[PDB]
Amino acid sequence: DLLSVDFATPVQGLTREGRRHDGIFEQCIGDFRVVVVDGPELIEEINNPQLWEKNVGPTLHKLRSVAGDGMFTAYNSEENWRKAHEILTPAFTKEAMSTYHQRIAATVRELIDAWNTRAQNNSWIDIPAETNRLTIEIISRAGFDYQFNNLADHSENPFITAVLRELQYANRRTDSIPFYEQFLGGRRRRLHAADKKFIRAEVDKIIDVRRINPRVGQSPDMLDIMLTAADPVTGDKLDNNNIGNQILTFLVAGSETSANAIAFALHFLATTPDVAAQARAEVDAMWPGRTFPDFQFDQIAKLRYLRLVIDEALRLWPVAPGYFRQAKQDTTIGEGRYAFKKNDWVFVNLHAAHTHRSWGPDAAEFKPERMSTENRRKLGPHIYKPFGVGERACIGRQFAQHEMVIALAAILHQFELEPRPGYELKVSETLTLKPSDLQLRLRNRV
């Protein structure tokens, strides 16, 4: 059996390629050949913490030009991963979320207010871009108490523009990288040098201004803990350069993932009417009336069905489509087949595993009730790890799940969603999975 696969979208191409194999195979996608694992029994062996661990994959290695040794792009051996991980964990717990809840909810209010004017003017809204401006402000204001953009305004901050140009310059493949960019001083290399200094200077200013602020009577946020808490083992705090890396990390690793997940959930809510009705009924019962909901921290986790909507969105389209693992020792997965020497790395294809046949014959359908604890217990071997696995799983899972529910609850409570007729779901692949050309229109529910 011969197959022609288009790897223009890499992860979507690997998933189609994986259906002619038995859960593991090889494939050349771009600058490398990768062992792709998309089988339920094989993946859970790869997710074993005693034998395997996180591998800084190719793209993650290329993001080190932007985020350096931040928690997302640092190697396991680098002392700055363990220090930061044991320092920032208390800043991402459920307890720490209640400290941010007010600022998160206030930032959602700012977006809803801006979307009121667009609903009044009967305007089509580019959903991924708007949701990406929101999650940026959510992380920056709740985490660092810093504001980059006003959501009612459409001028873009120079800092966030430089970070995006710096992300594009990092992913540049070795063939598109000129052999002598380090020497000619072209416009692109010079723009990167200027952008890098401008980004480092802005995060240093955020660090210096806070250092002058004693923050009397206020609970410490993410920036405060990085300037206050020392690592219990080594006794040292995160140095200035690493703190600037964590700020850049939380900005890029937290914004795009959460924004595209919200954009996917908005699409499926605007397309399947029964789900939109059941979710809109759950948020109407929690906050009666059409006044903006008085969000209190405990009410967010009580929205069971809206949580099932986000879970099904993260299953059908995991914005983080996969992760790279490496072998801590010489081991074998499966049944003794497939041997791996220490430091050999594979790719866990979550998009293929989440849509795998083990999720039932209706794995391609958006059905939130599937993600209940009882409905999933009736499945057996199946993978659902949208936030990774192990000690290097997503530190911001509780943060993302909190902001994704408040954002969706406010939108469903205040607006109704009109999809674009004739449009069909196309998913582009950047650092994350994103709905391309997704446009919705809103009317105030009155």
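Each residue number is its position in the shown sequence, starting from 1.
For the pair 374 to 382 and 47 to 55, the mean Cα B-factor is higher in 374 to 382. Higher mean CA temperature factor, per the PDB entry, when comparing 263 to 271 with 170 to 178: 170 to 178. When the Cα B-factors of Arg103, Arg325, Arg200, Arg357 are read from the PDB record, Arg357 comes out highest. Going by the entry's values, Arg337 shows the largest Cα B-factor out of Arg141, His351, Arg337, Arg82.
Sort the chain's modelled residues by C-alpha temperature factor and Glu365 lands in the highest third, per the entry. Among the modelled residues of the chain, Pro421 sits in the highest third by CA temperature factor in this PDB entry. Among the modelled residues of the chain, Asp284 sits in the highest third by CA temperature factor in this PDB entry. When the CA B factors of the chain's modelled residues are split into thirds, the value for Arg210 lands in the lowest one. In this PDB entry, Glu137 carries a Cα temperature factor that places it within the lowest third of its chain's modelled residues.
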